[PDB]
Amino acid sequence: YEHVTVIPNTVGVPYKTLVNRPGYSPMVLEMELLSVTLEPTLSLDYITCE
Amino acid sequence: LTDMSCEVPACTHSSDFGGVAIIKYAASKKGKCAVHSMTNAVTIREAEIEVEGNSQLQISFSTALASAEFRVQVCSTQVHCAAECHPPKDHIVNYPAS
Amino acid sequence: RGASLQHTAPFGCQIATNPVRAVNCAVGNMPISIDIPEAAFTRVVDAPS
Amino acid sequence: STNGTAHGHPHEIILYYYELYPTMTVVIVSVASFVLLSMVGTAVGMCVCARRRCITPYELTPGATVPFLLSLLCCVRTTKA
């Protein structure tokens, strides 16, 4: 059973979702964001030194 | 059979028995009683069950209607069942039904 | 040069290197799909009222 | 597939169309049109009846007005002048 849910991009806050599959007893899932990675696509122009 | 009440804790209108019904009763003696739906839209999985006195029975039922008001004939006495069945997850099934 | 992005960036951003990317950053939402197996589901009837 | 939700109110009502259908809704629409015609016919009859009431008083002199107003409207608007 596929369960789709939307949670805010906030690390450290636990969010609870109710999974209700028709004909089956409800299920509660606790989700918490531990860390969020944003890697930018880079293009080296040049390098500077002494 | 006397004092009869019908409670539907779970119902999902599908090709198979997606409904559960609990029927309370007051029996005169220990014996076998036939179970049959008096409504042509609802079908019961159980053909016959055992009764004693002041007890209950769990039955599996199949229906297509969302709002299902059906009469169940246990032994020789009838009971009215109120059910608000919900749609299933699948639109196409792999087995035929009534 | 002063302070880097690790110290000056908003939303409490943590800046990592090799490759360069931003870790832990509060902003916007995020969708999550969970395909729970039928082996972890229990029929209602098998339950109580 | 297609979910035939109940309501509500109406809304989910048209959703059923998809469930068991081609038809269904069109017949209901025709019935609604018939109902509207009945409503329109009643109104037309009522207006003619209102004339039937206003009659006599159409010939003619002091005596409503008064009626008027009590007057459905038409009573009054002859009453003028």
# chains A, B, ... in the order shown; residues from 1 in each chain; ligands from 1
$ interface_residues --of "chain A" --to "chain B" --cutoff "12 Å" --atoms "only C-alpha atoms" --output "PyMOL selection string"
chain A and resi 1-2+20-25
$ select_by_dssp --residues "chain C" --states "alpha helix (DSSP H)" --output "MDAnalysis selection string"
chainID C and resid 5:8
$ interface_residues --of "chain C" --to "chain A" --cutoff "7 Å" --atoms "only C-alpha atoms" --output "ChimeraX atom specification"
/C:20-38,41-44
$ write_last_selection --atoms "N, CA and C atoms" --output "CSV table (one decimal), in the first residue's frame"
chain,number,residue,atom,x,y,z
C,20,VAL,N,31.2,20.8,-2.5
C,20,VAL,CA,30.6,21.9,-1.8
C,20,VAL,C,29.1,21.8,-1.9
C,21,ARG,N,28.4,21.8,-0.7
C,21,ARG,CA,27.0,21.7,-0.6
C,21,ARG,C,26.5,22.2,0.7
C,22,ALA,N,25.2,22.6,0.8
C,22,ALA,CA,24.6,23.1,2.0
C,22,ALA,C,23.8,22.0,2.7
C,23,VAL,N,24.2,21.8,4.0
C,23,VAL,CA,23.5,20.8,4.8
C,23,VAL,C,22.6,21.4,5.8
C,24,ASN,N,21.5,20.7,6.2
C,24,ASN,CA,20.5,21.2,7.1
C,24,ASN,C,20.1,22.7,6.8
C,25,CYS,N,19.0,22.8,6.1
C,25,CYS,CA,18.5,24.1,5.8
C,25,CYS,C,16.9,24.2,5.8
C,26,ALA,N,16.4,24.9,6.7
C,26,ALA,CA,14.9,25.0,6.8
C,26,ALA,C,14.3,26.0,5.7
C,27,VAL,N,13.4,25.5,5.0
C,27,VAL,CA,12.8,26.3,3.9
C,27,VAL,C,12.0,25.4,3.0
C,28,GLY,N,10.7,25.7,2.8
C,28,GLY,CA,9.8,25.0,2.0
C,28,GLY,C,9.4,23.6,2.6
C,29,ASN,N,8.6,22.9,1.8
C,29,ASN,CA,8.2,21.6,2.2
C,29,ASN,C,8.9,20.4,1.5
C,30,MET,N,8.5,19.2,1.7
C,30,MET,CA,9.1,18.0,1.1
C,30,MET,C,8.1,16.8,1.1
C,31,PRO,N,7.9,16.3,0.0
C,31,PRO,CA,7.0,15.1,-0.1
C,31,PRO,C,7.7,13.8,0.1
C,32,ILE,N,7.0,12.8,0.7
C,32,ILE,CA,7.6,11.5,1.0
C,32,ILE,C,6.6,10.4,0.8
C,33,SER,N,7.0,9.5,-0.1
C,33,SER,CA,6.1,8.3,-0.5
C,33,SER,C,6.6,7.1,0.2
C,34,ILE,N,5.7,6.4,0.9
C,34,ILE,CA,6.1,5.1,1.6
C,34,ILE,C,5.2,4.0,1.1
C,35,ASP,N,5.8,3.0,0.5
C,35,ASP,CA,5.1,1.8,0.0
C,35,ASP,C,5.2,0.7,1.1
C,36,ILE,N,4.2,0.7,2.1
C,36,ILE,CA,4.2,-0.2,3.2
C,36,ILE,C,3.7,-1.6,2.7
C,37,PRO,N,4.5,-2.7,3.0
C,37,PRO,CA,4.0,-4.0,2.6
C,37,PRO,C,2.7,-4.5,3.2
C,38,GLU,N,2.0,-5.3,2.5
C,38,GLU,CA,0.7,-5.8,3.1
C,38,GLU,C,1.0,-6.8,4.2
C,41,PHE,N,-0.1,-5.1,7.6
C,41,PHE,CA,-1.4,-4.6,7.7
C,41,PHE,C,-2.3,-5.7,8.4
C,42,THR,N,-3.3,-5.2,9.1
C,42,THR,CA,-4.2,-6.1,9.8
C,42,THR,C,-5.7,-5.7,9.5
C,43,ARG,N,-6.5,-6.7,9.0
C,43,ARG,CA,-7.9,-6.4,8.7
C,43,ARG,C,-8.6,-5.9,9.9
C,44,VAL,N,-9.6,-5.1,9.7
C,44,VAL,CA,-10.4,-4.4,10.7
C,44,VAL,C,-11.2,-5.5,11.5
$ interface_residues --of "chain C" --to "chain B" --cutoff "9 Å" --atoms "only C-alpha atoms" --output "PyMOL selection string"
chain C and resi 44-45+48-49
$ interface_residues --of "chain D" --to "chain B" --cutoff "12 Å" --atoms "only C-alpha atoms" --output "ChimeraX atom specification"
/D:1-7,16,18-20
$ write_last_selection --atoms "C-alpha atoms" --output "compact mmCIF listing (two decimals), in the first residue's frame"
# COMPACT_ATOMS: atom_id res chain seq x y z
CA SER D 1 -11.33 2.85 -10.32
CA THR D 2 -13.23 6.13 -10.61
CA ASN D 3 -14.39 6.97 -7.09
CA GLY D 4 -18.12 7.52 -6.69
CA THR D 5 -18.01 9.57 -3.49
CA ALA D 6 -21.32 10.47 -1.86
CA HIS D 7 -21.19 14.23 -1.27
CA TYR D 16 -21.45 8.60 -9.19
CA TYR D 18 -18.78 7.39 -13.55
CA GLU D 19 -19.95 4.47 -11.42
CA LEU D 20 -22.53 1.73 -13.54
$ select_by_dssp --residues "chain B" --states "strand (DSSP E or B)" --output "ChimeraX atom specification"
/B:2-12,19-26,31-37,43-44,48-51,54-62,67-74,77-84,86
